[PDB]
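Peer 1: Please read through the structure below; I'll follow up with questions.
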Amino acid sequence: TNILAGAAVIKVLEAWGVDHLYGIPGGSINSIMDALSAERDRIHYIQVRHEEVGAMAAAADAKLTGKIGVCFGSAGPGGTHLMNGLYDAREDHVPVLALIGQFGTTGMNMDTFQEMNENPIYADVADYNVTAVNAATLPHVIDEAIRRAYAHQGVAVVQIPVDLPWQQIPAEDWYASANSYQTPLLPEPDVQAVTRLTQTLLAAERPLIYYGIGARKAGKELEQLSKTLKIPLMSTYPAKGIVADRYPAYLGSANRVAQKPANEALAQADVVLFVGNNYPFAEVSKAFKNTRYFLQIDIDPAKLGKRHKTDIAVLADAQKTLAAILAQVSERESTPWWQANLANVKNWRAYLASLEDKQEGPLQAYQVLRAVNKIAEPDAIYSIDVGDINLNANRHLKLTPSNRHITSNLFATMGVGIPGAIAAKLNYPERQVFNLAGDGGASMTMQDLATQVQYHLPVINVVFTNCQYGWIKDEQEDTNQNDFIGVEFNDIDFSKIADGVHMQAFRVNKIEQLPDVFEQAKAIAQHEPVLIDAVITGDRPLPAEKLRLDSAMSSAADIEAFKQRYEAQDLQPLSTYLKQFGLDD
Amino acid sequence: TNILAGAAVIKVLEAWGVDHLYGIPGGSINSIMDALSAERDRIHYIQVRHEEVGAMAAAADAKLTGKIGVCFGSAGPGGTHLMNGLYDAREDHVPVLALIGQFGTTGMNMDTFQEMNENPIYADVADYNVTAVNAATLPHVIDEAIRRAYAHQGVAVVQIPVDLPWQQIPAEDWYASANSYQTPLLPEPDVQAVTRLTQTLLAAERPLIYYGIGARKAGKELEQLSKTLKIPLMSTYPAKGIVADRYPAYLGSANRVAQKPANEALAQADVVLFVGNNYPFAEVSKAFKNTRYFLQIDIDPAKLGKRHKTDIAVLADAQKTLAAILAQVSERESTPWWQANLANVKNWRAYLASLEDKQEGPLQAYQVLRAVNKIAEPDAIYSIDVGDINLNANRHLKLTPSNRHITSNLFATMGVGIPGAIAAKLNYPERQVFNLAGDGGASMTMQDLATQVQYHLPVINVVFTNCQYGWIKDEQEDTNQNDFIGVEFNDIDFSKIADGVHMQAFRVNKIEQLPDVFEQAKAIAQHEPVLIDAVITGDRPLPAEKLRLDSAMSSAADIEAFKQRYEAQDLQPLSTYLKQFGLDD
Amino acid sequence: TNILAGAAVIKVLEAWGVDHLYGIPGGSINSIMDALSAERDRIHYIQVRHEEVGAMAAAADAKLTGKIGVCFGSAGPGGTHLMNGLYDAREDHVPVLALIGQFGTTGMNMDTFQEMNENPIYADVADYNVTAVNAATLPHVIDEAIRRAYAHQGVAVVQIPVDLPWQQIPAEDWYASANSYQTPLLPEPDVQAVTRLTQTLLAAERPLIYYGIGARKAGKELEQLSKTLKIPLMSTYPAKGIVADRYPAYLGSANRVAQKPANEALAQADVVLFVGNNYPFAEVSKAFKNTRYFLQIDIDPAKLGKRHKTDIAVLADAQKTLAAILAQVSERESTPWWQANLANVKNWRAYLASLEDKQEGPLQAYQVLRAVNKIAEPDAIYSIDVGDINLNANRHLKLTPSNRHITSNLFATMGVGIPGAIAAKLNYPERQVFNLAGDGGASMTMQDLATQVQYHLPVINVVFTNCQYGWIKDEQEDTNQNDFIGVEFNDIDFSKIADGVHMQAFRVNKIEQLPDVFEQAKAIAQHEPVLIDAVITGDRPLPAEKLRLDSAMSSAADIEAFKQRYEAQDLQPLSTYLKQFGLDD
Ligand SMILES: Cc1cc2nc3c(=O)[nH]c(=O)nc-3n(C[C@H](O)[C@H](O)[C@H](O)COP(=O)(O)OP(=O)(O)OC[C@H]3O[C@@H](n4cnc5c(N)ncnc54)[C@H](O)[C@@H]3O)c2cc1C
Ligand SMILES: Cc1cc2nc3c(=O)[nH]c(=O)nc-3n(C[C@H](O)[C@H](O)[C@H](O)COP(=O)(O)OP(=O)(O)OC[C@H]3O[C@@H](n4cnc5c(N)ncnc54)[C@H](O)[C@@H]3O)c2cc1C
Ligand SMILES: Cc1cc2nc3c(=O)[nH]c(=O)nc-3n(C[C@H](O)[C@H](O)[C@H](O)COP(=O)(O)OP(=O)(O)OC[C@H]3O[C@@H](n4cnc5c(N)ncnc54)[C@H](O)[C@@H]3O)c2cc1C
Ligand SMILES: COP(=O)(O)[C@](C)(O)c1sc(CCOP(=O)(O)OP(=O)(O)O)c(C)[n+]1Cc1cnc(C)nc1N
Ligand SMILES: COP(=O)(O)[C@](C)(O)c1sc(CCOP(=O)(O)OP(=O)(O)O)c(C)[n+]1Cc1cnc(C)nc1N
Ligand SMILES: COP(=O)(O)[C@](C)(O)c1sc(CCOP(=O)(O)OP(=O)(O)O)c(C)[n+]1Cc1cnc(C)nc1N
Ligand SMILES: [Mg+2]
Ligand SMILES: [Mg+2]
Ligand SMILES: [Mg+2]
Ligand code: NA
Ligand code: NA
């Protein structure tokens, strides 16, 4: 006849297909805990060691599977600890439900222990942000929160006074709307607009197709269009892997987490097809200042003409539109622009290989990533933290459509490596999972290495120990007048941290040590987590946004200093290849 | 003729006497970093490993010295990481300035990398919350923020677009108002009201004086009034130490972080003098339901009649008022109420001593704290985390007016032990400093053990490893119908964590191991930090709020179960002593 | 045994002495209405015609009496209509309680009719901002709101779900803390700081005392210090009347709502004693750019050194400090500085009198205000709207300590004239009350002239009809490159509007009509409200901030143009008087 309101809430989560959720208990959320306890055969609670890891893992769940992530925090400090993960979910536009403990309705507004008005705390981050005040409507409020988080691709927060889930409600009244769920409709491309777009693209002297993760379903069409039309491809960093890295006309990404060929080509291009792309550097870096025609395909009307004035804009699904272009074109002959870019890519990849292929000496980030490549399975998943690792992984990882990689794309919160890998292994127990993190980021969430141990999640953790916030040191080098500050710090031995949480680990500092240690790690991670602490040099990775290679643009002295510092003696500027094929810079 | 606006900002901090500040750099705050770098001889930047530790340490600075604490975080995730420390500062009403990075005014509102409207993030926590938009007024905005944080005893947040501090401003225009600073005026007690208050207090059959930290300047007057009038003393937990723990009529604190004699006496009292006290449990625990007359002294009109209806309310300084009462009274003879309470205290202290005085066997929290007492200097400072340690430290630490102790009093954020100890050692390098933390709380901020190492801060860290969130397990025992959940977890060896950050450490699990390890730690902390990981039992500490000792109130079976579980065979209920002296319960 | 929670809420209001409150009913607040309906003998509900008028009137109640003002609005649009009054109360730092309707707890968060999360709406304006969720604690929440509004001198907002006030609660539990309310007894002003401040003031060659409303209790001391020491007085506009306008050495106020002698003298002064003053134009107008020493007295630490670099800032009560200064000084002979300022004031007053004393012709604001003066009782209260009326009333009204005048000082919301006058008459039925308003501001709240009729509040309304937003037209003349826009509009005949709400009224457009109309109005307002619609010219009043009178500073052409436009042929610059008494400019 009756059900506890907390039991009904957990049944709402189950109806929506929530497999696992994260948090840390407290008095203010013990009634939800009680309902979870009864339901442990059907829904799986993951106890983290810091609530930010719970929120970040919930975000990562949604990034990986498209299913809403769920986390919770107790009243006051439990909930405020969620913030970095909630902001990550907002900025990366993935659905997350966050439940926040609150003291009982009889004690609210009495200024009792750890009791405050919690609603204003979450107003900025959340698409939906409500304090529940009734037990009978609580299942509906949770249902509403989930349905909105999905529809609006963001964060729904519900503060729950602890008395409500222990109250009996009628067993027959509540329901979940999960059965009625659908994903948004995919708009179709206008035939005339697609034809006009195709004509402009074909008439270009120096075309590029520049796609983001909005094109994640269109890898085949992107590569086929590139091959057929002889048009180079470039992408946002997160869109690495949609087309295989091995594709010879994939230039990489632009700006800083970037590859040289992409920056150079973008500066020269006359027509850009900008597809499923919200590149946040467009305006500030003047990326498109010399672009003659700008053609955009996006599903979101809020994005059309956002990053540059459009000459043709198509409000449609990326794959449907790219298919429609491909359907109306035929094989084109090679062009000077095509060949110049192909040559430039070859030159760049030879540079990266030269760094990877060192066999002995002081360990650099480049060989560590080569060692990752050597033990990586074809469908491996990479959880990547924030800093130099984004740049280095972007250059060195050899990804295909079979891979996944995730980071904090836009909020760019450090510490996401560990939680992202926890979520990855929970969602894909049979797939190999890496956590690639700098020492600064790994330090921030280090305690949750214990969570990998506790739940026997065989993540391969690789920490890049430079004893610096390298990403920031390099920024200070570029901008600051006075000495470095706050960017060089004391060593932490992560192999000892790992030992502390009862995880097998290794520490290495020489290139020649890599093969055996990585082989051992590969084997250990068949059953248990493992950590490799790679002590790397303070060498700055080549700044693709600050090239000093072209004698028509840089002094002979700046060029040779750049070659020496970045081991880039064999790099040629794009202009070399443009000139070979009869085009001017 | 000109000065960089960032240089002027740092000069404002120097004028206000800021010695040290905390944070982690980033591109969005590198211009403030540049100004700090130039000023490193005069103001001292402390690089933390997680920004929440910076915010918590800033809060602790203000708790300890009364001087505004200063922290910062980079745009987006740097700033949102500050939240647990900022909420701590708000709820514990201490002045803190937080600077938040923001991207340059040319890139704001362009939806660029890690760029968002940051002002709404801080609206709830902050007394003052502004985004600076001009370089010439920036020193004033910082000055304003500091002056308001002090006057309003809370958090001032300023978001700073990174371009502004690198702009030149006239050298002669800016100023700091530090020279004009004063603390609020101390109101004087009305003579007639004090006399009426004194008469009511003297006419009481079962009086208590119940003080909080608002009486921190009135220790001498409190103890003297108690001795002269034969009136027992009780306090809030944070007010432990204002009167020496050894004082035989100090009952301790009420509720849960509490001592038995205080809970029992409060239930029986007819008149309570409530002084400098904002006890958050007053209403929810029905603390004063049987109190006949309620007399209050507080400096804040917002507090008068807040926690119970007052019969006499005095808007005045605690010390001035207590002095005025003492001036108009003379020595009173002993009473039955006085003797019953004295006997009860003796019985309770003998119980605590019996726990402390065990010499061998499985290690409990009680002997760990005895070992702390044995190596503690008379003016030691204690930074205490959140959980069972608050209860255990409250019972076992032997404090006097010469000590300081701090925790997160009201927000009660876990993880404060480490940052509180960092702040304590920075402010009091010649005083012994302890960090007393449970394993859950220590885990949350563990990475900043590295900060103690980096800045050579000789903190004595003591971790209470029960492999539980014990405080929460006990709550689930009390309230939950279904099995424990999320409260028992895997071991972390903190002696290995310490080794990882290059700190000397010990792990112990037997009572007989304590003396030598604590002696070694005492010696090490003359020069360097040290950590003791104390592996303790899962024994629940005696619940002072759930006594089962009085046969007129509890079954014989519940009483003997309580004695057995809490080793409390020799405890007597207050009623025993009331009856001895001819008073009924 | 039991009491309705709504009934207890009204008893809390009665305990705090709330005489009257304002609002408009709705379904979402009908349970509070129900409780008010039973208590008509003890609390007086005023039904307004627009909720902003209720909020503005509540703010005005507190401005006038120092007692908390109370208003309410129904859920959604009722509450949001309060905003202009709530912001006025926040900015003018007066205590106001606002009750906001909400739908019942069973329908909250169901997305029902007019149902939304109302808490974020009031977060910015409110010092205290909570949604009640329990009936038994509702009286406490209201009590807390009141106590906080008083303590923090601002707005407390409580959102009340409509079901709660109809729930029975135990009769014996609730209480109000009004009985605890008191004002603090302060120590004497800091003796050594006051002595030093005094020496600096007396050593000055060109001293000024510049006070604001913080000196409201110090009129006697201000005038005596001025006379004894030969130091001219100037004030903020709202501080007009604290010293009688007829005082020969009262210079007026500075900036734009200002008088010529104050602006001229301030520019010359070497030492300013800034007392109970938070002049918002200090920095932006560079008011103190030439000041050698700046001395301050203020009760609020947040203000110490806020507006200018301050040589000595005394934290103390204005009256007590000024009395302490007076007690340690004695007579100084007349100085050139004193004589020059006296002469300048005389010249300025002759100018104002020349405008007032016209007897025939096109009506100007100047003669209307002379007509007000001629019918004004010595203790009349003036509610003044926002625009040219602030400037003209500041110059022409002849106020003494027996008067009161109020406007929206800092938020400066138009429309306040009508509600301020309603509040004034409710608090002071036996005092004459004027509403002096421009046509723009009167139009915004015109419907509430019906409220004066409904409650038989004999306000004398005087509307200054120029068919312009004159204040803004003048700004456009000063700053805008293109034609006037939005500042000249169609006539509204307010005598006809008055007829429509059943109020006796007159319309005048000639100077010679004034005496008979104002005599009739004076007599009508012995019993009923009345309105005079004064059709005035579009003449720009003399801009005290743009003086062109001094041959050393302005071209002869500029001076002749200024003199012509502003009928200022007989005005002399201060430099003329300075030279006369042997001082240089
Ligand atoms: C430390 C760090 C540094 C970084 N620096 C760089 C850098 O230098 N270079 C770089 O490239 N990135 C960088 N980033 C990542 C960067 O901040 C952005 O997140 C990224 O460039 C945006 O990628 P995106 O447009 O693919 O994704 P999003 O911003 O998520 O945009 C996806 C777009 O696709 C659209 N879309 C979605 N579905 C469809 C569909 N079915 N059909 C059509 N359109 C669809 C959406 O409406 C949206 O406009 C960095 C990240 C980090 C952590
Ligand atoms: C895990 C945990 C559990 C806790 N549980 C308990 C518990 O069971 N029991 C317990 O007691 N505490 C407990 N607390 C602490 C608790 O939450 C409160 O912070 C504490 O009880 C309030 O102490 P207080 O009134 O001294 O301090 P505050 O809340 O800071 O109040 C100080 C008061 O003094 C007034 N004041 C300031 N200056 C003066 C002056 N010069 N003269 C007069 N008045 C002045 C202020 O206006 C204010 O009202 C716990 C804390 C933690 C971390
Ligand atoms: C259209 C319009 C135009 C305006 N333009 C002008 C203008 O040109 N010129 C002008 O002068 N005004 C002008 N104002 C008014 C102006 O905006 C400010 O409100 C006013 O100048 C500030 O006056 P104040 O300092 O007296 O009041 P407040 O800002 O209320 O300051 C009071 C001060 O006194 C202190 N205080 C309070 N009690 C005590 C005490 N017991 N002892 C000591 N200190 C105490 C307070 O802490 C505070 O610092 C205008 C208003 C309007 C509506
Ligand atoms: C009613 O309040 P509460 O829930 O009892 C309280 C005091 O708020 C606590 S206490 C607590 C357990 C602390 O565990 P520890 O292992 O550090 O200590 P212990 O085992 O009790 O010695 C948690 C998780 N929380 C909840 C909590 C969660 N997350 C953070 C950041 N802070 C908290 N404090
Ligand atoms: C312009 O953006 P940014 O400042 O360059 C950026 C990307 O935001 C970074 S990157 C970064 C350094 C990361 O250091 P690591 O040691 O982990 O990596 P690395 O040494 O570069 O290999 C910091 C501190 N921040 C700032 C930062 C601070 N705190 C958090 C929680 N996240 C951040 N991400
Ligand atoms: C710099 O401040 P400001 O813009 O000069 C100021 C004081 O804020 C004014 S004054 C003003 C004109 C008032 O016109 P009236 O006809 O009432 O008066 P007047 O013609 O000047 O005698 C307006 C529209 N505003 C703007 C205004 C608009 N709307 C509201 C509700 N209040 C305002 N006050
Ligand atoms: Mg690093
Ligand atoms: Mg524990
Ligand atoms: Mg007008
Ligand atoms: Na951490
Ligand atoms: Na209106």
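Protein chains in written order, with the authors' numbering: chain A, 9 to 593; chain A', 9 to 593; chain B, 9 to 593. A prime marks a further copy of an entry chain. Virtual Cβ for every residue (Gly too), placed ideally from N, Cα, C.
1. Using the C-alpha atoms, what's the distance from A:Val-441 back to residue 597 of chain A?
2. Ordered along the chain, which non-local residues of its own chain (more than five positions away) have a Cβ less than 6 Å from that of A':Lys-530?
3. Helix, strand or coil: how does DSSP classify A':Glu-126 here?
4. Cβ closer than 9 Å: which chain A residues qualify as neighbours of B:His-148?
5. Given that a residue counts as buried once 16 or more other Cβ atoms are within 10 Å of its Cβ, and exposed if not, what is A':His-148?
6. Since A:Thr-139 and A:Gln-161 should fall inside the 8 Å C-beta cutoff, what is the C-beta to C-beta distance between them, to a whole number of angstroms?
7. Out of A':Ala-106, A':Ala-143 and A':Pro-215, which has the shortest C-alpha to C-alpha gap to A':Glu-126?
8. Output needed for A':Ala-275: all residues of its chain with C-beta closer than 8 Å, excluding positions within five of it in sequence on either side, in chain order.
9. What residue range does the beta strand (DSSP E) around A:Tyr-390 cover?
10. Can you tell which of A':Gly-77, A':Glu-339 and A':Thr-73 has the C-alpha that lies nearest to the C-alpha of A':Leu-21?
11. Whether or not the region 175–189 of chain A' and the region 337–356 of chain B are in contact is what I'm after, with contact meaning three or more pairs of Cβ atoms, one per stretch, closer than 8 Å; do they touch?
12. Run through DSSP, which three-state label would A':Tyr-95 get?
13. Heavy atom of ligand 11 less than 7 Å from the Cβ of B:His-58, yes or no?
14. Relative to the C-alpha of A':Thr-329, which residue among A':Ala-144, A':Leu-434, A':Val-199 and A':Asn-411 is closest?
15. Once you ignore the five residues that flank B:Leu-194 on each side, which residues in its own chain have a CB closer than 8 Å to its CB?
16. Please classify A:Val-166: is it buried, with 16 or more other beta-carbons within 10 angstroms of its beta-carbon, or exposed?
17. Closest to B:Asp-119 by CA distance: which of A:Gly-112, A:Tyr-136, A:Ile-129 and A:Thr-113 is it?
18. For ligand 2, is there any heavy atom lying closer than 7 Å to the beta carbon of B:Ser-243?
19. In three-state DSSP terms, what is A':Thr-88?
20. Under three-state DSSP, which class holds A':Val-165?
21. If I measure Cβ to Cβ from residue 620 of chain A' and keep anything under 8 Å in the same chain, skipping five residues before and after, which residues do I get?
22. When you compare only the Cα positions, how much space is there between B:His-404 and B:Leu-72?
23. Who are the Cβ neighbours of B:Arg-515 in its own chain at under 7 Å, not counting the five residues just before and after it?
Peer 2: Taking the structure as given:
1. Since the first residue shown for chain A is 9 and the last is 593, residue 597 of chain A is missing from the structure and cannot be characterised.
2. Here residue 530 of chain A' refers to the residue found at position 522 when the second sequence is read from its first residue. Closer than 6 Å at the Cβ level, and outside the excluded window around A':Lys-530, lie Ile-383.
3. Counting from one through the second sequence, the residue named residue 126 of chain A' turns up at place 118. Correct three-state label for A':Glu-126: coil.
4. Against the third sequence, residue 148 of chain B aligns to sequence position 140. Chain A residues near B:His-148: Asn-117 and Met-118.
5. Here residue 148 of chain A' refers to the residue found at position 140 when the second sequence is read from its first residue. Buried: at least 16 other Cβ atoms inside 10 Å.
6. Indexing the first sequence from 1 puts residue 139 of chain A at position 131. Indexing the first sequence from 1 puts residue 161 of chain A at position 153. About 23 Å separates the two Cβ atoms, so there is no contact after all.
7. Walking along the second sequence from the start, residue 126 of chain A' turns up at place 118. Out of A':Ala-106, A':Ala-143 and A':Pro-215, A':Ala-106 has the C-alpha closest to the C-alpha of A':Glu-126.
8. As a first step, residue 275 of chain A' must be located in the second sequence, where it is residue number 267. So the qualifying residues of the chain are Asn-298.
9. On the first sequence, position 382 is the one that residue 390 of chain A refers to. Counting along the chain, the beta strand (DSSP E) containing A:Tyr-390 begins and ends at 389–392.
10. The sequence position of residue 21 of chain A' within the second sequence is 13, counting from 1. It is A':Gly-77 whose Cα lies nearest to the Cα of A':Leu-21.
11. no
12. Along the second sequence, read from residue 1 onward, the residue named residue 95 of chain A' stands at position 87. Correct three-state label for A':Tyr-95: helix.
13. Mapped onto the third sequence, residue 58 of chain B falls at position 50. It does: the Cβ of B:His-58 is within 7 Å (strictly closer) of some heavy atom of ligand 11.
14. Against the second sequence, residue 329 of chain A' aligns to sequence position 321. Closest option to A':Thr-329, Cα to Cα, is A':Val-199.
15. Position 186 of the third sequence holds residue 194 of chain B. Here the set comprises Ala-324, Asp-325 and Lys-328.
16. To locate residue 166 of chain A, count along the first sequence from 1; it is residue 158. When all chains shown are included, A:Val-166 counts as buried.
17. By 1-based counting over the third sequence, the position of residue 119 of chain B is 111. When each option's Cα is compared against that of B:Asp-119, the closest is A:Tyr-136.
18. Position 235 of the third sequence holds residue 243 of chain B. No, Cβ of B:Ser-243 sits at least 7 Å from all heavy atoms of ligand 2.
19. On the second sequence, residue 88 of chain A' is found 80 positions in, with the first residue counted as 1. Of the three classes helix, strand and coil, the one that applies to A':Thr-88 here is helix, per DSSP.
20. Counted from its first residue, the second sequence places residue 165 of chain A' at position 157. Correct three-state label for A':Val-165: strand.
21. An answer regarding residue 620 of chain A' cannot be provided, because it is not within the stretch 9 to 593 covered by chain A'.
22. Residue 404 of chain B sits at position 396 when you count from the first residue of the third sequence. Residue 72 of chain B sits at position 64 when you count from the first residue of the third sequence. Answer to the nearest angstrom: the Cα atoms are 22 Å apart.
23. Translated into the one-based positions of the third sequence, residue 515 of chain B becomes position 507. Answer for B:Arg-515: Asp-501, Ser-503, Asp-541 and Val-543, listed in chain order.
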